[PDB]
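Colleague: Here it is, the structure, as structure tokens.
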Amino acid sequence: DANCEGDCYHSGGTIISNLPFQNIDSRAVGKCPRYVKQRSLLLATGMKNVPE
Amino acid sequence: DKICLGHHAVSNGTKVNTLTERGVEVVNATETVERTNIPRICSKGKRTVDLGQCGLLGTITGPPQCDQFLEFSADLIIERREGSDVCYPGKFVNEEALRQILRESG
Amino acid sequence: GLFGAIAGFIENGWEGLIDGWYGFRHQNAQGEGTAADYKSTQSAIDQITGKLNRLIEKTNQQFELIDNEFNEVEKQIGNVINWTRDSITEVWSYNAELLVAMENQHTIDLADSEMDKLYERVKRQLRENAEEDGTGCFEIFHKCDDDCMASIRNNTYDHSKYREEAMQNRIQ
Amino acid sequence: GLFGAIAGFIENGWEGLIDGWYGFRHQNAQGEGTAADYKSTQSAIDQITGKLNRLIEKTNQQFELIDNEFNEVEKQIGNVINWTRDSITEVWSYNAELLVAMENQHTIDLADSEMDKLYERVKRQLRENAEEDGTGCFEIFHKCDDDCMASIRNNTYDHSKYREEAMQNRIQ
Amino acid sequence: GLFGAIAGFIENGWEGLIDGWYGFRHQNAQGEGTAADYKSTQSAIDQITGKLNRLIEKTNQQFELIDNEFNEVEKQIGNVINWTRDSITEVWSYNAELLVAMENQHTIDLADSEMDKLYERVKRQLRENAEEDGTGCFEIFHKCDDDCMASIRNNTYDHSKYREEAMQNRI
Ligand SMILES: *[C@@H]1O[C@H](CO)[C@@H](O)[C@H](O)[C@H]1NC(C)=O
Ligand SMILES: *[C@@H]1O[C@H](CO)[C@@H](O)[C@H](O)[C@H]1NC(C)=O
Ligand SMILES: *[C@@H]1O[C@H](CO)[C@@H](O)[C@H](O)[C@H]1NC(C)=O
Ligand SMILES: *[C@@H]1O[C@H](CO)[C@@H](O)[C@H](O)[C@H]1NC(C)=O
């Protein structure tokens, strides 16, 4: 596909993402986010939620 | 007369992990691990060569499949599973080193 | 939190306050009123932004293939590669999970500080004109109209022009 | 950073306080008494516990044998492995020794934070009936019997009931 | 900046204070004065120093050669040796930029605390004989001469020996 631009390729396609970590292919090549075993690591962008 | 000052909150928040606790609700979170794949080679603006039935080493020797890839020039080279480097049966000594040389050869 | 005002003495948050993160809610003669404090809310948002600008849009390094998915490489070298890669994955998986816990612990306490900084600043404006119950409130001991309330918010409260009046009701 | 509590204006700890981590020690007409505060002591314990639960006994990846202790492998492939293994071992030690300190630093400021949270809680409880000694004490300006100190502890203290007597003894 | 008091209620630093890091600046009828506080200043320096002894001057293992600049090695083993080295350089670079960012963040908050701790010590020294200005100042409600200002600094201030005037003037 010449409609999208990506720099991280693996045998199943491209990874276009600004995230530091990926979880798609440990053998991905190019300029890739680095592979983690974890499926999801949520970064807090707010305060403790103390509702009523 | 009173004046009181406090912070906001929401009904349905997002649980996160900290140094000291599992699942602590917060106002917002965003993901750090990418999972959304694109099932295509994204090649916008990249000189691409899809070797197809041509094997990457077949560009050096030129078996009949590789007649169209004898002098290619690229930025992104793609090998496919059906690529065979040979017609008359045989194999390259130190094949992968030579493949690794050609993949970054341009 | 670490400064105990996100869970310590502010009992709960205000789901109605969508103006900002931190804010004022007063009560006086004219009635109720709720407003948010920009200088504080933006101080924490500008800080989370720093973290995000640090974790996102990193320009990672370029790496090449050493394996082969179609024609498997020699065994002894294929294991040194499989082994090495599996080891680095440990490091990054550890580095990723630890970094988030470090950051999430920091952000959650960071927000506290902004609450306590606001609280302990407003209290100084009301030097001896008011007393704090301990729920995140300030019992004002003089007539504070809706203009006097807004006086507190933009830090124009002249403690002197209410003091003698306030000190009187304070002791009787 | 630190808070003023642990090493600071609280000079020493109470080797006699085995009931918990934090606690009260009043003095009044009917004698002396010492009792631990549950909410703060447990609050710290529920935190250090959360740290161990992250380190102790977690799935660790299965690693295999690339090397050989009986029949040494080729010197060239063997020097690469010895080098990769040593490069990782530095990583795993930088990470560990840093992690322990980063936690130790946090844990030590953590318990410190919990004491200040206890202290400044009680301050608000006795609005104007007491002044802070500065050594971690509150000079109480009314008469506080045993069921008074107990009311200070379990957060039943009604400061409006003692205020008039208190505000008199102070100013004079 | 978790405690205020550096970008917080304290307006700005004093460029003239070259004695220590934190200090007192008093104003009374006998004139003007400015001096340092050894306890707070040295308790931050001692900490900042402890960080330096943790990163500076640390030995590492001996690493020998597996490459060759002159007589290049076989390619297949070369791209592996390179791929590994380039992978460890990522790890140590990430560990470096993160360690320093976390280190500075703790350093700056470390100085907030020691400022704020000094401000809170004084506040409970003079108990009810002074009020919180809000800019880091204490309006003393009793005449405190240069010998009395010195009492606040070296922690010999007895608030009872002035507690009487104090309250009479706050009302
Ligand atoms: C909340 O976080 C999500 C994560 O994707 C983001 O898309 C959204 O913009 C955030 N909203 C606010 C109000 O911060
Ligand atoms: C190395 O790992 C790949 C999958 O990542 C596997 O297909 C291959 O068989 C492994 N090679 C050896 C020698 O174990
Ligand atoms: C690798 O290190 C081991 C000890 O862990 C040693 O016995 C062996 O001689 C080393 N191999 C080489 C090639 O240096
Ligand atoms: C490995 O990297 C060096 C530069 O650090 C480069 O000069 C060398 O050619 C690379 N190895 C191979 C086999 O290309």
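Chain lettering (A, B, ...) mirrors the order of the structure tokens, residue numbering begins at 1 for each chain separately, and ligand numbering begins at 1 in order of display.
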Quick one: everything within 10 Å of residue 36 of chain A, counting only C-alpha atoms, minus sequence neighbours fewer than 6 positions away in the same chain. Send it as a PyMOL selection string.
Modeller: (chain A and resi 20-26) or (chain B and resi 33-34) or (chain C and resi 88-97)
Colleague: Quick one: write out the picked residues with N, CA, C and O atoms as a PDB file, in the first residue's frame?
Modeller:
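Contents of out_26.pdb, as written:
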ATOM      1  N   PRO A  20       5.647   3.973  22.927  1.00  0.00           N
ATOM      2  CA  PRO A  20       7.009   3.426  23.072  1.00  0.00           C
ATOM      3  C   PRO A  20       7.083   1.913  22.958  1.00  0.00           C
ATOM      4  O   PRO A  20       8.107   1.380  22.506  1.00  0.00           O
ATOM      5  N   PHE A  21       6.034   1.204  23.346  1.00  0.00           N
ATOM      6  CA  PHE A  21       6.061  -0.250  23.390  1.00  0.00           C
ATOM      7  C   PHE A  21       5.051  -0.825  22.403  1.00  0.00           C
ATOM      8  O   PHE A  21       4.022  -0.208  22.118  1.00  0.00           O
ATOM      9  N   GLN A  22       5.328  -1.995  21.919  1.00  0.00           N
ATOM     10  CA  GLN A  22       4.409  -2.663  21.058  1.00  0.00           C
ATOM     11  C   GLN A  22       4.188  -4.064  21.525  1.00  0.00           C
ATOM     12  O   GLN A  22       4.847  -4.508  22.371  1.00  0.00           O
ATOM     13  N   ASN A  23       3.236  -4.783  20.997  1.00  0.00           N
ATOM     14  CA  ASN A  23       3.012  -6.140  21.449  1.00  0.00           C
ATOM     15  C   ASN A  23       2.556  -6.967  20.301  1.00  0.00           C
ATOM     16  O   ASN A  23       1.864  -7.914  20.468  1.00  0.00           O
ATOM     17  N   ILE A  24       3.019  -6.620  19.119  1.00  0.00           N
ATOM     18  CA  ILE A  24       2.618  -7.268  17.911  1.00  0.00           C
ATOM     19  C   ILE A  24       3.497  -8.286  17.304  1.00  0.00           C
ATOM     20  O   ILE A  24       3.045  -9.243  16.800  1.00  0.00           O
ATOM     21  N   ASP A  25       4.751  -8.014  17.209  1.00  0.00           N
ATOM     22  CA  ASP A  25       5.686  -9.025  16.751  1.00  0.00           C
ATOM     23  C   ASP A  25       7.026  -8.705  17.396  1.00  0.00           C
ATOM     24  O   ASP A  25       7.496  -7.566  17.322  1.00  0.00           O
ATOM     25  N   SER A  26       7.616  -9.695  18.070  1.00  0.00           N
ATOM     26  CA  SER A  26       8.917  -9.488  18.696  1.00  0.00           C
ATOM     27  C   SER A  26      10.045  -9.393  17.678  1.00  0.00           C
ATOM     28  O   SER A  26      11.130  -8.920  18.024  1.00  0.00           O
TER      29      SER A  26
ATOM     30  N   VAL B  33       1.162   0.504  25.188  1.00  0.00           N
ATOM     31  CA  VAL B  33       1.529  -0.689  24.434  1.00  0.00           C
ATOM     32  C   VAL B  33       0.663  -0.733  23.188  1.00  0.00           C
ATOM     33  O   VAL B  33      -0.569  -0.814  23.283  1.00  0.00           O
ATOM     34  N   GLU B  34       1.304  -0.689  22.023  1.00  0.00           N
ATOM     35  CA  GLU B  34       0.585  -0.690  20.755  1.00  0.00           C
ATOM     36  C   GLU B  34       0.129  -2.104  20.378  1.00  0.00           C
ATOM     37  O   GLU B  34       0.918  -3.057  20.406  1.00  0.00           O
TER      38      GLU B  34
ATOM     39  N   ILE C  88      16.558  -9.756  26.124  1.00  0.00           N
ATOM     40  CA  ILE C  88      16.247  -8.331  26.003  1.00  0.00           C
ATOM     41  C   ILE C  88      14.765  -8.082  26.261  1.00  0.00           C
ATOM     42  O   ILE C  88      14.384  -7.074  26.870  1.00  0.00           O
ATOM     43  N   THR C  89      13.904  -9.004  25.819  1.00  0.00           N
ATOM     44  CA  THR C  89      12.477  -8.842  26.069  1.00  0.00           C
ATOM     45  C   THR C  89      12.187  -8.786  27.562  1.00  0.00           C
ATOM     46  O   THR C  89      11.361  -7.982  28.008  1.00  0.00           O
ATOM     47  N   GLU C  90      12.887  -9.600  28.355  1.00  0.00           N
ATOM     48  CA  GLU C  90      12.767  -9.486  29.805  1.00  0.00           C
ATOM     49  C   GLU C  90      13.058  -8.062  30.261  1.00  0.00           C
ATOM     50  O   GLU C  90      12.262  -7.457  30.987  1.00  0.00           O
ATOM     51  N   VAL C  91      14.191  -7.506  29.821  1.00  0.00           N
ATOM     52  CA  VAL C  91      14.608  -6.179  30.272  1.00  0.00           C
ATOM     53  C   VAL C  91      13.541  -5.141  29.944  1.00  0.00           C
ATOM     54  O   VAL C  91      13.070  -4.415  30.826  1.00  0.00           O
ATOM     55  N   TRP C  92      13.129  -5.072  28.675  1.00  0.00           N
ATOM     56  CA  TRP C  92      12.153  -4.066  28.277  1.00  0.00           C
ATOM     57  C   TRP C  92      10.813  -4.281  28.957  1.00  0.00           C
ATOM     58  O   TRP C  92      10.190  -3.318  29.424  1.00  0.00           O
ATOM     59  N   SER C  93      10.348  -5.530  29.032  1.00  0.00           N
ATOM     60  CA  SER C  93       9.107  -5.772  29.759  1.00  0.00           C
ATOM     61  C   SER C  93       9.219  -5.284  31.191  1.00  0.00           C
ATOM     62  O   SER C  93       8.304  -4.619  31.688  1.00  0.00           O
ATOM     63  N   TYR C  94      10.353  -5.560  31.854  1.00  0.00           N
ATOM     64  CA  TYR C  94      10.581  -5.037  33.201  1.00  0.00           C
ATOM     65  C   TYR C  94      10.651  -3.514  33.179  1.00  0.00           C
ATOM     66  O   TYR C  94      10.000  -2.838  33.988  1.00  0.00           O
ATOM     67  N   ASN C  95      11.419  -2.955  32.235  1.00  0.00           N
ATOM     68  CA  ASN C  95      11.585  -1.506  32.172  1.00  0.00           C
ATOM     69  C   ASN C  95      10.253  -0.814  31.906  1.00  0.00           C
ATOM     70  O   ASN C  95       9.987   0.271  32.445  1.00  0.00           O
ATOM     71  N   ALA C  96       9.397  -1.437  31.094  1.00  0.00           N
ATOM     72  CA  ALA C  96       8.117  -0.823  30.760  1.00  0.00           C
ATOM     73  C   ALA C  96       7.194  -0.805  31.970  1.00  0.00           C
ATOM     74  O   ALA C  96       6.633   0.242  32.320  1.00  0.00           O
ATOM     75  N   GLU C  97       7.034  -1.960  32.630  1.00  0.00           N
ATOM     76  CA  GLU C  97       6.092  -2.059  33.740  1.00  0.00           C
ATOM     77  C   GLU C  97       6.569  -1.234  34.931  1.00  0.00           C
ATOM     78  O   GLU C  97       5.758  -0.601  35.624  1.00  0.00           O
TER      79      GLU C  97
END
Colleague: Counting only C-alpha atoms and all ligand atoms, name the residues that have an atom within 6 Å of an atom of ligand 4; the answer should be given as a PyMOL selection string.
Modeller: chain E and resi 75+78-79+82
Colleague: Write a file of the selected residues as a PDB file, in the first residue's frame, keeping C-alpha atoms.
Modeller:
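Generated output (again-v9.pdb):
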ATOM      1  CA  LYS E  75      29.255 -11.379   8.107  1.00  0.00           C
ATOM      2  CA  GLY E  78      29.033  -9.776  12.556  1.00  0.00           C
ATOM      3  CA  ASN E  79      25.397  -8.722  12.108  1.00  0.00           C
ATOM      4  CA  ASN E  82      26.212  -5.711  15.940  1.00  0.00           C
TER       5      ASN E  82
END
Colleague: Contacts between ligand 2 and chain D, please, where a residue of chain D counts if it comes within 12 Å (with only C-alpha atoms and all ligand atoms); show its shortest atom pair and distance in Å to one decimal, rows by chain and ascending number, as CSV.
Modeller:
residue,atom,partner,partner_atom_place_in_ligand_line,distance
D:64,CA,ligand 2,14 (O),10.3
D:65,CA,ligand 2,14 (O),11.5
D:66,CA,ligand 2,13 (C),10.6
Colleague: Taking only C-alpha atoms into account and nothing else, which residues of chain B lie no more than 8 Å away from chain A? Please answer as a list in words.
Modeller: residues 9, 10, 11, 13, 16, 17, 24, 25, 26, 27, 28, 29, 30, 31, 32, 33, 34, 35, 36, 37, 38, 39, 40, 41, 42, 43, 44 and 45 of chain B
Colleague: Atoms to include: N, CA and C atoms. Write the selected residues as a PDB file, in the first residue's frame.
Modeller:
ATOM      1  N   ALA B   9     -13.981  14.990  39.724  1.00  0.00           N
ATOM      2  CA  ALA B   9     -14.053  13.536  39.675  1.00  0.00           C
ATOM      3  C   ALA B   9     -15.028  13.159  38.572  1.00  0.00           C
ATOM      4  N   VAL B  10     -15.081  11.863  38.262  1.00  0.00           N
ATOM      5  CA  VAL B  10     -15.989  11.336  37.251  1.00  0.00           C
ATOM      6  C   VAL B  10     -16.609  10.054  37.788  1.00  0.00           C
ATOM      7  N   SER B  11     -17.709   9.641  37.159  1.00  0.00           N
ATOM      8  CA  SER B  11     -18.391   8.426  37.596  1.00  0.00           C
ATOM      9  C   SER B  11     -17.578   7.178  37.257  1.00  0.00           C
ATOM     10  N   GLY B  13     -14.188   5.869  35.981  1.00  0.00           N
ATOM     11  CA  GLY B  13     -12.788   6.132  35.730  1.00  0.00           C
ATOM     12  C   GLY B  13     -12.068   4.908  35.190  1.00  0.00           C
ATOM     13  N   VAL B  16      -5.534   1.837  37.160  1.00  0.00           N
ATOM     14  CA  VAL B  16      -4.135   1.762  36.769  1.00  0.00           C
ATOM     15  C   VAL B  16      -3.363   1.042  37.863  1.00  0.00           C
ATOM     16  N   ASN B  17      -2.113   0.720  37.562  1.00  0.00           N
ATOM     17  CA  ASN B  17      -1.191   0.149  38.529  1.00  0.00           C
ATOM     18  C   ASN B  17      -0.196   1.212  38.959  1.00  0.00           C
ATOM     19  N   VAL B  24      -6.140   1.230  40.781  1.00  0.00           N
ATOM     20  CA  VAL B  24      -6.512   2.454  41.484  1.00  0.00           C
ATOM     21  C   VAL B  24      -7.145   3.416  40.482  1.00  0.00           C
ATOM     22  N   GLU B  25      -8.426   3.731  40.680  1.00  0.00           N
ATOM     23  CA  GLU B  25      -9.154   4.529  39.698  1.00  0.00           C
ATOM     24  C   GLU B  25      -8.568   5.927  39.574  1.00  0.00           C
ATOM     25  N   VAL B  26      -8.501   6.426  38.341  1.00  0.00           N
ATOM     26  CA  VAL B  26      -8.007   7.764  38.046  1.00  0.00           C
ATOM     27  C   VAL B  26      -8.932   8.382  37.003  1.00  0.00           C
ATOM     28  N   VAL B  27      -8.791   9.696  36.795  1.00  0.00           N
ATOM     29  CA  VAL B  27      -9.712  10.414  35.914  1.00  0.00           C
ATOM     30  C   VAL B  27      -9.521  10.002  34.452  1.00  0.00           C
ATOM     31  N   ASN B  28      -8.276   9.920  33.980  1.00  0.00           N
ATOM     32  CA  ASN B  28      -8.034   9.478  32.612  1.00  0.00           C
ATOM     33  C   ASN B  28      -6.712   8.712  32.559  1.00  0.00           C
ATOM     34  N   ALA B  29      -6.614   7.798  31.591  1.00  0.00           N
ATOM     35  CA  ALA B  29      -5.369   7.114  31.259  1.00  0.00           C
ATOM     36  C   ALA B  29      -5.291   6.938  29.747  1.00  0.00           C
ATOM     37  N   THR B  30      -4.075   6.734  29.264  1.00  0.00           N
ATOM     38  CA  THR B  30      -3.858   6.396  27.870  1.00  0.00           C
ATOM     39  C   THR B  30      -2.888   5.223  27.796  1.00  0.00           C
ATOM     40  N   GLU B  31      -2.967   4.493  26.686  1.00  0.00           N
ATOM     41  CA  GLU B  31      -2.221   3.255  26.510  1.00  0.00           C
ATOM     42  C   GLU B  31      -0.750   3.513  26.154  1.00  0.00           C
ATOM     43  N   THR B  32       0.116   2.598  26.598  1.00  0.00           N
ATOM     44  CA  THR B  32       1.543   2.647  26.313  1.00  0.00           C
ATOM     45  C   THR B  32       2.020   1.482  25.460  1.00  0.00           C
ATOM     46  N   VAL B  33       1.162   0.504  25.188  1.00  0.00           N
ATOM     47  CA  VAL B  33       1.529  -0.689  24.434  1.00  0.00           C
ATOM     48  C   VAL B  33       0.663  -0.733  23.188  1.00  0.00           C
ATOM     49  N   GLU B  34       1.304  -0.689  22.023  1.00  0.00           N
ATOM     50  CA  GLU B  34       0.585  -0.690  20.755  1.00  0.00           C
ATOM     51  C   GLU B  34       0.129  -2.104  20.378  1.00  0.00           C
ATOM     52  N   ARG B  35      -1.152  -2.243  20.026  1.00  0.00           N
ATOM     53  CA  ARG B  35      -1.690  -3.515  19.569  1.00  0.00           C
ATOM     54  C   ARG B  35      -2.365  -3.467  18.205  1.00  0.00           C
ATOM     55  N   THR B  36      -2.688  -2.281  17.675  1.00  0.00           N
ATOM     56  CA  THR B  36      -3.425  -2.158  16.417  1.00  0.00           C
ATOM     57  C   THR B  36      -2.465  -2.329  15.247  1.00  0.00           C
ATOM     58  N   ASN B  37      -2.653  -3.395  14.480  1.00  0.00           N
ATOM     59  CA  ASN B  37      -1.825  -3.686  13.318  1.00  0.00           C
ATOM     60  C   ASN B  37      -2.467  -3.145  12.047  1.00  0.00           C
ATOM     61  N   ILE B  38      -1.632  -2.869  11.053  1.00  0.00           N
ATOM     62  CA  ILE B  38      -2.072  -2.529   9.703  1.00  0.00           C
ATOM     63  C   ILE B  38      -1.689  -3.691   8.791  1.00  0.00           C
ATOM     64  N   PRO B  39      -2.660  -4.407   8.191  1.00  0.00           N
ATOM     65  CA  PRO B  39      -2.328  -5.654   7.472  1.00  0.00           C
ATOM     66  C   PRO B  39      -1.775  -5.438   6.066  1.00  0.00           C
ATOM     67  N   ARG B  40      -0.869  -4.474   5.911  1.00  0.00           N
ATOM     68  CA  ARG B  40      -0.317  -4.120   4.613  1.00  0.00           C
ATOM     69  C   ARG B  40       1.076  -3.555   4.837  1.00  0.00           C
ATOM     70  N   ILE B  41       1.928  -3.673   3.823  1.00  0.00           N
ATOM     71  CA  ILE B  41       3.217  -2.988   3.806  1.00  0.00           C
ATOM     72  C   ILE B  41       2.965  -1.527   3.443  1.00  0.00           C
ATOM     73  N   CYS B  42       3.091  -0.637   4.418  1.00  0.00           N
ATOM     74  CA  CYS B  42       2.887   0.787   4.177  1.00  0.00           C
ATOM     75  C   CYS B  42       4.144   1.368   3.546  1.00  0.00           C
ATOM     76  N   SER B  43       4.072   1.680   2.258  1.00  0.00           N
ATOM     77  CA  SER B  43       5.263   2.006   1.489  1.00  0.00           C
ATOM     78  C   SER B  43       5.193   3.394   0.846  1.00  0.00           C
ATOM     79  N   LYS B  44       4.454   4.314   1.455  1.00  0.00           N
ATOM     80  CA  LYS B  44       4.342   5.661   0.913  1.00  0.00           C
ATOM     81  C   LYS B  44       5.723   6.300   0.788  1.00  0.00           C
ATOM     82  N   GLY B  45       6.101   6.655  -0.441  1.00  0.00           N
ATOM     83  CA  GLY B  45       7.336   7.381  -0.682  1.00  0.00           C
ATOM     84  C   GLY B  45       8.601   6.571  -0.527  1.00  0.00           C
TER      85      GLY B  45
END
Colleague: With DSSP run on the backbone, what are the strand (DSSP E or B) residues within chain B? I'd like them as a PyMOL selection string.
Modeller: chain B and resi 2-8+14-17+22-26+29-31+33-34+38+43+48-50+54+76-78+84
Colleague: Please produce an output containing C-alpha atoms for each residue in the selection, written as a JSON list (two decimals), in the first residue's frame.
Modeller:
[["chain", "number", "residue", "atom", "x", "y", "z"],
["B", 2, "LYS", "CA", -18.16, 29.27, 53.95],
["B", 3, "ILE", "CA", -15.67, 28.84, 51.13],
["B", 4, "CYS", "CA", -14.63, 25.29, 50.28],
["B", 5, "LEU", "CA", -12.23, 24.16, 47.59],
["B", 6, "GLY", "CA", -11.86, 20.73, 46.05],
["B", 7, "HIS", "CA", -11.00, 18.65, 42.99],
["B", 8, "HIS", "CA", -13.04, 17.17, 40.18],
["B", 14, "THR", "CA", -9.89, 3.91, 34.66],
["B", 15, "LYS", "CA", -7.93, 1.55, 36.92],
["B", 16, "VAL", "CA", -4.14, 1.76, 36.77],
["B", 17, "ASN", "CA", -1.19, 0.15, 38.53],
["B", 22, "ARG", "CA", -3.18, -2.63, 41.72],
["B", 23, "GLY", "CA", -6.28, -1.10, 40.13],
["B", 24, "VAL", "CA", -6.51, 2.45, 41.48],
["B", 25, "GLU", "CA", -9.15, 4.53, 39.70],
["B", 26, "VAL", "CA", -8.01, 7.76, 38.05],
["B", 29, "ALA", "CA", -5.37, 7.11, 31.26],
["B", 30, "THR", "CA", -3.86, 6.40, 27.87],
["B", 31, "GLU", "CA", -2.22, 3.26, 26.51],
["B", 33, "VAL", "CA", 1.53, -0.69, 24.43],
["B", 34, "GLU", "CA", 0.58, -0.69, 20.76],
["B", 38, "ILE", "CA", -2.07, -2.53, 9.70],
["B", 43, "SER", "CA", 5.26, 2.01, 1.49],
["B", 48, "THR", "CA", 9.98, -0.71, -3.07],
["B", 49, "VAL", "CA", 10.84, -4.01, -4.76],
["B", 50, "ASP", "CA", 8.35, -6.87, -4.27],
["B", 54, "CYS", "CA", 12.12, -14.11, -7.46],
["B", 76, "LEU", "CA", 12.54, -1.27, 0.81],
["B", 77, "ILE", "CA", 13.03, -4.87, -0.41],
["B", 78, "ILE", "CA", 10.31, -7.47, 0.18],
["B", 84, "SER", "CA", 13.12, -19.50, -5.04]]
Colleague: Which residues are near ligand 3 in this structure, taking near to mean any atom at most 7 Å from a ligand atom and counting only C-alpha atoms and all ligand atoms? Format them as a PyMOL selection string.
Modeller: chain D and resi 75-76+78-79+82
Colleague: Taking only C-alpha atoms into account, which residues of chain E are within 12 Å of chain A, as a PyMOL selection string?
Modeller: chain E and resi 83+87+90-91+94
Colleague: With a distance cut-off of 12 Å and only C-alpha atoms, select the neighbouring residues of residue 46 of chain D, excluding the residue or stretch itself and same-chain residues fewer than 6 positions from it, and output the selection as a VMD selection string.
Modeller: (chain B and resid 20 to 22) or (chain D and resid 38 to 40 52 to 53 107 110 to 111 114)
Colleague: Which one is closest to chain A: C:47, C:27, C:12, C:129? Count only C-alpha atoms.
Modeller: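 Checking each of C:47, C:27, C:12, C:129 against chain A, counting only C-alpha atoms, the winner is C:12.
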